[PDB]
file model-v1.txt (compact mmCIF, C-alpha atoms and all ligand atoms)
# COMPACT_ATOMS: atom_id res chain seq x y z
CA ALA R 1 -12.18 35.22 -34.04
CA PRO R 2 -15.32 33.43 -35.24
CA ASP R 3 -16.81 31.43 -32.33
CA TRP R 4 -16.29 28.08 -34.15
CA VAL R 5 -12.51 28.24 -34.25
CA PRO R 6 -11.16 25.26 -32.21
CA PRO R 7 -9.74 26.32 -28.75
CA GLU R 8 -6.63 24.27 -29.46
CA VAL R 9 -5.53 26.32 -32.49
CA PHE R 10 -5.00 29.39 -30.26
CA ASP R 11 -2.20 27.54 -28.43
CA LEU R 12 -1.02 25.66 -31.48
CA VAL R 13 -0.33 28.82 -33.52
CA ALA R 14 1.16 30.82 -30.65
CA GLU R 15 4.82 30.07 -31.56
CA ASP R 16 4.50 30.75 -35.25
CA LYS R 17 2.12 33.66 -34.67
CA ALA R 18 4.93 35.50 -32.93
CA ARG R 19 7.58 34.58 -35.52
CA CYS R 20 5.26 35.51 -38.39
CA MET R 21 4.12 38.88 -36.97
CA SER R 22 7.76 39.80 -36.27
CA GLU R 23 8.96 38.74 -39.74
CA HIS R 24 6.21 40.73 -41.45
CA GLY R 25 5.68 43.79 -39.22
CA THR R 26 2.13 42.63 -38.50
CA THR R 27 0.08 44.26 -35.76
CA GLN R 28 -2.73 42.71 -33.73
CA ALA R 29 -5.19 45.27 -35.11
CA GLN R 30 -4.69 44.19 -38.74
CA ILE R 31 -5.57 40.66 -37.64
CA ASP R 32 -8.66 41.76 -35.67
CA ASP R 33 -9.84 43.75 -38.75
CA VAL R 34 -10.22 40.58 -40.87
CA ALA R 35 -13.09 38.87 -38.96
CA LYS R 36 -15.08 42.03 -39.62
CA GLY R 37 -14.71 41.79 -43.36
CA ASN R 38 -11.96 44.42 -43.52
CA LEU R 39 -9.15 42.54 -45.21
CA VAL R 40 -6.67 44.82 -47.02
CA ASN R 41 -4.07 43.93 -49.59
CA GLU R 42 -1.06 44.91 -47.47
CA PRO R 43 2.00 42.59 -47.10
CA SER R 44 2.11 43.00 -43.29
CA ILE R 45 -1.22 41.15 -43.17
CA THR R 46 -1.33 39.14 -46.41
CA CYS R 47 2.25 37.76 -45.99
CA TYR R 48 1.40 37.10 -42.38
CA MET R 49 -1.41 34.77 -43.49
CA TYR R 50 0.98 33.07 -45.94
CA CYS R 51 3.49 32.74 -43.09
CA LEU R 52 0.99 31.11 -40.77
CA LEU R 53 -0.18 28.74 -43.55
CA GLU R 54 3.38 27.68 -44.29
CA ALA R 55 4.01 26.98 -40.58
CA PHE R 56 1.19 24.43 -40.75
CA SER R 57 2.51 23.11 -44.02
CA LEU R 58 -0.63 24.29 -45.78
CA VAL R 59 1.26 26.16 -48.48
CA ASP R 60 4.53 25.48 -50.35
CA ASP R 61 7.16 28.00 -51.55
CA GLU R 62 4.84 29.05 -54.41
CA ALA R 63 1.72 29.42 -52.21
CA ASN R 64 0.12 26.29 -53.70
CA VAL R 65 -2.42 25.28 -51.03
CA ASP R 66 -2.71 21.75 -49.62
CA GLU R 67 -6.51 21.62 -50.00
CA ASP R 68 -6.89 18.16 -48.50
CA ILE R 69 -5.17 18.99 -45.20
CA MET R 70 -6.64 22.49 -45.00
CA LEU R 71 -10.16 20.98 -45.27
CA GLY R 72 -9.29 18.06 -42.97
CA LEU R 73 -8.28 20.44 -40.16
CA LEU R 74 -11.60 22.31 -40.19
CA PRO R 75 -14.44 21.23 -37.99
CA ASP R 76 -17.18 19.12 -39.56
CA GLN R 77 -19.59 21.87 -40.49
CA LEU R 78 -16.91 24.25 -41.71
CA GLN R 79 -15.35 21.46 -43.75
CA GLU R 80 -18.64 20.89 -45.63
CA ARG R 81 -19.05 24.61 -46.33
CA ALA R 82 -15.39 25.00 -47.25
CA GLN R 83 -15.37 22.11 -49.72
CA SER R 84 -17.55 23.98 -52.18
CA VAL R 85 -15.92 27.38 -51.58
CA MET R 86 -12.42 25.90 -51.92
CA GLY R 87 -13.35 24.05 -55.10
CA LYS R 88 -14.10 27.52 -56.46
CA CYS R 89 -11.25 29.45 -54.91
CA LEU R 90 -8.45 26.90 -55.46
CA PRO R 91 -5.91 26.60 -57.03
CA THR R 92 -4.47 29.92 -55.92
CA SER R 93 -3.45 32.59 -58.42
CA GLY R 94 -1.66 35.93 -58.16
CA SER R 95 1.54 37.83 -58.79
CA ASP R 96 3.31 36.71 -55.63
CA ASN R 97 2.72 34.51 -52.61
CA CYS R 98 1.15 37.19 -50.45
CA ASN R 99 -1.26 38.35 -53.23
CA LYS R 100 -2.14 34.67 -53.86
CA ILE R 101 -3.22 34.40 -50.26
CA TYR R 102 -5.13 37.74 -50.40
CA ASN R 103 -6.94 36.64 -53.55
CA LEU R 104 -7.81 33.34 -51.88
CA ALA R 105 -8.94 35.03 -48.69
CA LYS R 106 -11.12 37.47 -50.65
CA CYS R 107 -12.54 34.68 -52.80
CA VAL R 108 -13.57 32.67 -49.75
CA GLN R 109 -14.97 35.70 -47.96
CA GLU R 110 -17.34 36.66 -50.78
CA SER R 111 -19.41 33.51 -50.04
CA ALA R 112 -18.25 32.34 -46.60
CA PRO R 113 -16.74 35.27 -44.71
CA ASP R 114 -16.71 33.46 -41.37
CA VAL R 115 -14.80 30.56 -42.97
CA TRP R 116 -11.53 32.45 -43.61
CA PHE R 117 -10.39 33.29 -40.07
CA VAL R 118 -7.12 34.89 -38.96
CA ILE R 119 -5.52 34.86 -35.54
CA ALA G 1 -44.85 30.24 -48.40
CA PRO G 2 -47.07 31.86 -45.74
CA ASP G 3 -49.90 33.79 -47.44
CA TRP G 4 -48.77 37.19 -46.14
CA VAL G 5 -45.51 37.31 -48.09
CA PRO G 6 -45.75 40.13 -50.66
CA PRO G 7 -45.89 38.90 -54.28
CA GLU G 8 -43.03 41.26 -55.11
CA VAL G 9 -40.65 39.41 -52.80
CA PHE G 10 -40.86 36.31 -55.01
CA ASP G 11 -39.46 38.33 -57.92
CA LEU G 12 -37.11 40.51 -55.76
CA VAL G 13 -35.29 37.40 -54.55
CA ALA G 14 -35.31 35.26 -57.70
CA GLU G 15 -31.74 36.22 -58.74
CA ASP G 16 -30.21 35.60 -55.32
CA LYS G 17 -32.28 32.45 -54.68
CA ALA G 18 -30.76 30.64 -57.71
CA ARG G 19 -27.20 31.71 -56.81
CA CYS G 20 -27.62 30.75 -53.15
CA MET G 21 -29.21 27.39 -53.98
CA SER G 22 -26.31 26.70 -56.42
CA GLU G 23 -23.66 27.82 -53.92
CA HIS G 24 -25.05 25.67 -51.11
CA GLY G 25 -26.57 22.77 -53.03
CA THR G 26 -29.97 23.53 -51.54
CA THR G 27 -33.05 21.73 -52.85
CA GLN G 28 -36.49 23.25 -53.24
CA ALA G 29 -37.79 20.53 -50.93
CA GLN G 30 -35.69 21.74 -48.00
CA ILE G 31 -37.14 25.22 -48.58
CA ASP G 32 -40.71 23.90 -48.65
CA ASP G 33 -40.12 21.93 -45.38
CA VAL G 34 -39.46 25.19 -43.50
CA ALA G 35 -43.06 26.54 -43.53
CA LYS G 36 -44.09 23.05 -42.43
CA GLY G 37 -41.99 23.58 -39.27
CA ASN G 38 -39.32 21.11 -40.40
CA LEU G 39 -35.99 22.85 -40.26
CA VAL G 40 -32.93 20.73 -39.68
CA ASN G 41 -29.52 22.07 -38.80
CA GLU G 42 -27.88 21.27 -42.18
CA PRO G 43 -25.62 23.69 -44.06
CA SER G 44 -27.43 23.09 -47.36
CA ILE G 45 -30.48 24.83 -45.82
CA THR G 46 -29.07 26.92 -42.93
CA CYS G 47 -26.34 28.48 -45.08
CA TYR G 48 -28.91 29.09 -47.82
CA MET G 49 -30.89 31.20 -45.39
CA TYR G 50 -27.66 32.99 -44.42
CA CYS G 51 -26.93 33.50 -48.12
CA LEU G 52 -30.33 35.02 -48.87
CA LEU G 53 -30.24 37.27 -45.80
CA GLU G 54 -26.77 38.54 -46.63
CA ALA G 55 -27.89 39.14 -50.21
CA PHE G 56 -30.44 41.74 -48.95
CA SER G 57 -28.10 43.15 -46.30
CA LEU G 58 -30.32 41.74 -43.54
CA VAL G 59 -27.20 40.24 -41.94
CA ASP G 60 -23.52 41.16 -41.89
CA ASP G 61 -20.37 38.99 -42.32
CA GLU G 62 -20.82 37.80 -38.67
CA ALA G 63 -24.51 36.93 -39.25
CA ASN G 64 -25.68 39.75 -36.91
CA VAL G 65 -29.19 40.73 -38.10
CA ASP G 66 -29.92 44.37 -39.02
CA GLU G 67 -33.26 44.82 -37.29
CA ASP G 68 -34.33 47.94 -39.20
CA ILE G 69 -33.51 46.42 -42.62
CA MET G 70 -35.51 43.34 -41.58
CA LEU G 71 -38.59 45.37 -40.57
CA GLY G 72 -38.16 47.50 -43.73
CA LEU G 73 -38.52 44.46 -45.97
CA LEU G 74 -41.49 43.20 -43.88
CA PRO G 75 -45.05 44.30 -44.68
CA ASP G 76 -47.05 46.63 -42.41
CA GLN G 77 -49.31 43.85 -41.20
CA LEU G 78 -46.22 42.07 -39.72
CA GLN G 79 -44.23 45.03 -38.19
CA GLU G 80 -45.78 44.60 -34.72
CA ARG G 81 -45.42 40.80 -34.62
CA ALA G 82 -41.93 40.82 -36.12
CA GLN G 83 -40.68 43.40 -33.58
CA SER G 84 -41.85 41.31 -30.63
CA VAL G 85 -40.22 38.08 -31.84
CA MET G 86 -37.02 39.90 -32.83
CA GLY G 87 -36.90 41.37 -29.34
CA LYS G 88 -36.80 37.87 -27.92
CA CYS G 89 -34.56 36.24 -30.47
CA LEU G 90 -31.93 38.91 -31.14
CA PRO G 91 -28.95 39.29 -31.05
CA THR G 92 -27.94 36.18 -33.01
CA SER G 93 -25.69 33.69 -31.23
CA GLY G 94 -24.00 30.49 -32.44
CA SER G 95 -20.79 28.80 -33.58
CA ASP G 96 -20.69 29.91 -37.22
CA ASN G 97 -22.84 32.13 -39.46
CA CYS G 98 -25.09 29.26 -40.57
CA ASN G 99 -25.69 28.08 -36.98
CA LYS G 100 -26.47 31.67 -35.98
CA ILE G 101 -29.30 31.75 -38.56
CA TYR G 102 -30.53 28.28 -37.60
CA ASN G 103 -30.66 29.36 -33.97
CA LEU G 104 -32.55 32.50 -34.97
CA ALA G 105 -34.95 30.51 -37.11
CA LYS G 106 -35.64 28.08 -34.25
CA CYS G 107 -36.18 30.88 -31.79
CA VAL G 108 -38.61 32.69 -34.09
CA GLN G 109 -40.52 29.49 -34.92
CA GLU G 110 -41.07 28.79 -31.20
CA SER G 111 -43.66 31.63 -30.87
CA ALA G 112 -44.19 32.93 -34.42
CA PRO G 113 -43.50 30.11 -36.90
CA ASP G 114 -45.26 31.93 -39.76
CA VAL G 115 -42.95 34.98 -39.36
CA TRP G 116 -39.83 33.01 -40.33
CA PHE G 117 -40.55 32.57 -44.05
CA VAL G 118 -38.18 31.01 -46.62
CA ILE G 119 -38.48 31.07 -50.37
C1 LIG K 201 -5.11 22.21 -34.15
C2 LIG K 201 -6.12 21.49 -35.01
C3 LIG K 201 -7.31 22.36 -35.38
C4 LIG K 201 -7.10 23.22 -36.64
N1 LIG K 201 -8.43 23.62 -37.09
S1 LIG K 201 -8.68 25.01 -37.67
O1 LIG K 201 -10.12 25.14 -37.94
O2 LIG K 201 -8.26 26.06 -36.70
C5 LIG K 201 -7.83 25.31 -39.03
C6 LIG K 201 -6.65 26.08 -38.98
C7 LIG K 201 -5.93 26.34 -40.16
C8 LIG K 201 -6.38 25.86 -41.40
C9 LIG K 201 -7.56 25.11 -41.44
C10 LIG K 201 -8.27 24.84 -40.27
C1 LIG K 202 -9.69 28.45 -43.44
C2 LIG K 202 -8.25 28.92 -43.48
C3 LIG K 202 -7.93 30.07 -42.53
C4 LIG K 202 -6.46 30.42 -42.76
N1 LIG K 202 -6.20 31.72 -42.15
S1 LIG K 202 -4.77 31.97 -41.66
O1 LIG K 202 -3.90 31.80 -42.85
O2 LIG K 202 -4.57 33.35 -41.14
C5 LIG K 202 -4.37 30.86 -40.57
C6 LIG K 202 -5.05 30.75 -39.38
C7 LIG K 202 -4.70 29.76 -38.47
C8 LIG K 202 -3.69 28.86 -38.75
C9 LIG K 202 -3.02 28.94 -39.96
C10 LIG K 202 -3.37 29.92 -40.86
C1 LIG K 203 -37.82 36.49 -40.86
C2 LIG K 203 -37.21 36.60 -42.25
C3 LIG K 203 -37.11 35.24 -42.96
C4 LIG K 203 -35.74 35.04 -43.61
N1 LIG K 203 -35.76 33.80 -44.38
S1 LIG K 203 -34.86 33.60 -45.60
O1 LIG K 203 -33.49 33.62 -45.04
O2 LIG K 203 -35.09 32.36 -46.34
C5 LIG K 203 -35.14 34.88 -46.55
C6 LIG K 203 -36.34 34.98 -47.25
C7 LIG K 203 -36.60 36.09 -48.04
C8 LIG K 203 -35.67 37.12 -48.14
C9 LIG K 203 -34.47 37.04 -47.44
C10 LIG K 203 -34.22 35.93 -46.65

call {"tool": "encode", "arguments": {"input": "model-v1.txt", "output": "structure tokens"}}
result
Amino acid sequence: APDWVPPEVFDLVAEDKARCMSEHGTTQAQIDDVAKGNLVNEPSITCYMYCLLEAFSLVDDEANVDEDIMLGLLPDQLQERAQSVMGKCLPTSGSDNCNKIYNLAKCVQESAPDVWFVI
Amino acid sequence: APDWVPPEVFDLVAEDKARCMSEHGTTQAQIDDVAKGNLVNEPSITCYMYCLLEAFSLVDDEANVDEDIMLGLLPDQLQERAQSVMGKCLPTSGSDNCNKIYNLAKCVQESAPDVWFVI
């Protein structure tokens, strides 16, 4: 959604997007809501983000985030901004994997709301 | 730093200034360069401006400026000048939130460099 998101990621996520929305009952609208700062703690959306992250090997089975690869995949300017934010917001914490991702998403968005994007 | 900036603003912003400088690793020098017409597109300064704006609800999570909140903060002397420059420079456009504010800052500084103040 933010205008910085690399064109390539739209194609790259297309397979897992579909699998992850189906697995979690996600709708397009929930996704669109996020860019606008309207993230809700609902499994259809929070587990969807976990699902997408796992598909890119960015989380393990306990929603521990691979910070190095996550940051490495971001464009230059986002990477700089994310380094600080992710130092704060990582390691993840929460009651389950989906909540861990929600907490992370919310933590990032407090300071860098354009940095945590969902598609 | 321009002489028109209300005294009160220096105190109004002091809390959010410190937080924003700490969050973005901004130096006082970078802030002082801005009045001097030296703004560089560097997150340490561009995201600091975003941070301060957001802190007073002058921008949203997509770095779209609220024109009315902007004018509200501005003194009477500047209402007329500010409106004209905002007319030409708004809406914000750019890759990420920090670039949006950099682009706005450059646009304003092109005709009204003393309107874009940073503290
Ligand atoms: C296909 C290679 C580009 C990936 N870059 S990204 O900004 O979309 C990104 C996606 C997910 C996590 C971090 C960064
Ligand atoms: C900066 C990290 C953004 C991660 N957001 S996302 O989990 O919905 C996601 C988006 C795209 C690919 C994988 C995960
Ligand atoms: C035209 C308005 C200037 C905005 N500049 S500033 O982002 O450093 C900022 C200064 C003071 C309060 C809020 C933001």

call {"tool": "residues_around", "arguments": {"input": "model-v1.txt", "residues": "residue 18 in chain R", "least_positions_apart": "2", "cutoff": "12 Å", "atoms": "only C-alpha atoms", "output": "list in words"}}
result
residues 10, 11, 12, 13, 14, 15, 16, 20, 21, 22, 23, 24, 25, 26, 27, 28, 48, 51, 52, 55 and 119 of chain R

call {"tool": "closest_atom_pairs", "arguments": {"input": "model-v1.txt", "of": "chain R", "to": "chain G", "cutoff": "10 Å", "atoms": "all atoms listed in the file", "output": "CSV"}}
result
residue,atom,partner,partner_atom,distance
R:2,CA,G:96,CA,6.7
R:3,CA,G:95,CA,4.9
R:4,CA,G:95,CA,4.6
R:5,CA,G:95,CA,8.3
R:35,CA,G:62,CA,7.8
R:36,CA,G:61,CA,6.7
R:37,CA,G:61,CA,6.4
R:77,CA,G:43,CA,7.2
R:78,CA,G:96,CA,8.2
R:80,CA,G:43,CA,7.7
R:81,CA,G:43,CA,7.0
R:84,CA,G:23,CA,7.4
R:85,CA,G:23,CA,8.1
R:88,CA,G:23,CA,9.9
R:109,CA,G:61,CA,8.5
R:110,CA,G:61,CA,9.3
R:111,CA,G:51,CA,7.8
R:112,CA,G:61,CA,8.2
R:113,CA,G:61,CA,5.7
R:114,CA,G:97,CA,6.6
R:115,CA,G:96,CA,8.3

call {"tool": "residues_near_ligand", "arguments": {"input": "model-v1.txt", "ligand": "ligand LIG 201 (chain K)", "cutoff": "7 Å", "atoms": "all atoms listed in the file", "output": "list in words"}}
result
residues 5, 6, 8, 9, 12, 70, 71, 73, 74 and 75 of chain R

call {"tool": "atom_distance", "arguments": {"input": "model-v1.txt", "atom1": "CA of residue 7 in chain G", "atom2": "CA of residue 64 in chain G"}}
result
26.7 Å

call {"tool": "calpha_fit_rmsd", "arguments": {"input": "model-v1.txt", "fixed": "chain R", "moving": "chain G"}}
result
0.5 Å

call {"tool": "atom_distance", "arguments": {"input": "model-v1.txt", "atom1": "CA of residue 83 in chain R", "atom2": "atom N1 of ligand LIG 202 (chain K)"}}
result
15.3 Å

call {"tool": "atom_distance", "arguments": {"input": "model-v1.txt", "atom1": "CA of residue 31 in chain R", "atom2": "CA of residue 66 in chain G"}}
result
24.7 Å

call {"tool": "closest_residue", "arguments": {"input": "model-v1.txt", "among": "R:39, R:53, R:29, R:82", "to": "ligand LIG 202 (chain K)", "atoms": "all atoms listed in the file"}}
result
R:53

call {"tool": "axis_aligned_box", "arguments": {"input": "model-v1.txt", "around": "ligand LIG 203 (chain K)", "padding_each_side": "3 Å", "output": "lines of an AutoDock Vina configuration file"}}
result
center_x = -35.7
center_y = 34.7
center_z = -44.5
size_x = 10.3
size_y = 10.8
size_z = 13.3

call {"tool": "closest_residue", "arguments": {"input": "model-v1.txt", "among": "R:33, R:107, R:58, R:49", "to": "ligand LIG 202 (chain K)", "atoms": "only C-alpha atoms and all ligand atoms"}}
result
R:49

call {"tool": "residues_around", "arguments": {"input": "model-v1.txt", "residues": "residue 104 in chain R", "least_positions_apart": "3", "cutoff": "7 Å", "atoms": "all atoms listed in the file", "output": "VMD selection string"}}
result
chain R and resid 89 92 100 to 101 107 to 108
